[PDB]
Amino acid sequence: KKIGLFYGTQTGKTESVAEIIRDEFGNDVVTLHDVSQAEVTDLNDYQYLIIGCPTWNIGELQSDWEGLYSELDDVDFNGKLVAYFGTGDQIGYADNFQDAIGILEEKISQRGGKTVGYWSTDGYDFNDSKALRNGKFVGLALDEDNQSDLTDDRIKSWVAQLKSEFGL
């Protein structure tokens, strides 16, 4: 209903977590959009947005979000509130951990979206990330490769935070 979650996935991990986010919110509040099938105009239809993306190939956007990314100057995000979550691997890719959500947040915030859902960095071991902005991660950082035991917990906490900063 009122929250549009647009995700991309290469091997399926970011899709399974978008299903949990959806269940945690309610089940009719958020509708999911796999961005291999979305047009950039679909983002226009929501005032509260959640963007989901893994980082692939040392700091790049997942292939479907990369296709869409080059069209994001064509939508105005003023007046919208946006949260971000990504899946990635902090030991394997210690210098590029979660880069994809910092790249997508830079863009959408330049186009006037206001970022909500900032997440602390404690509990992670990484060298560098593009998602680090204003002292925190720009959104929920999950790691299914090395901290899958922590995912359900982190989603429950972040969704409770977002119902506050989204105003549900």
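The first residue of the sequence shown is number 1, and the count goes up from there.
Could you check which stretch, 24 to 32 or 123 to 131, carries the larger mean CA temperature factor in the entry?
According to the PDB entry, the answer is 24 to 32.
Quick one: say whether 139 to 147 or 65 to 73 has the higher mean Cα B-factor in the deposited entry.
Higher mean C-alpha B-factor: 65 to 73.
Out of 50, 38, 104, 58, which one has a C-alpha B factor higher than all the others in the entry?
Across 50, 38, 104, 58, the entry lists the biggest C-alpha B-factor for 38.
Using the B-factor values recorded in the entry, state whether the Cα atom of residue 116 falls in the lowest, middle or highest third among the modelled residues of its chain.
Tercile = middle for this residue's CA B-factor.
Would the CA B-factor of residue 100 place it in the lowest, middle or highest third of its chain?
According to the entry, residue 100 has a C-alpha B-factor in the chain's lowest third.
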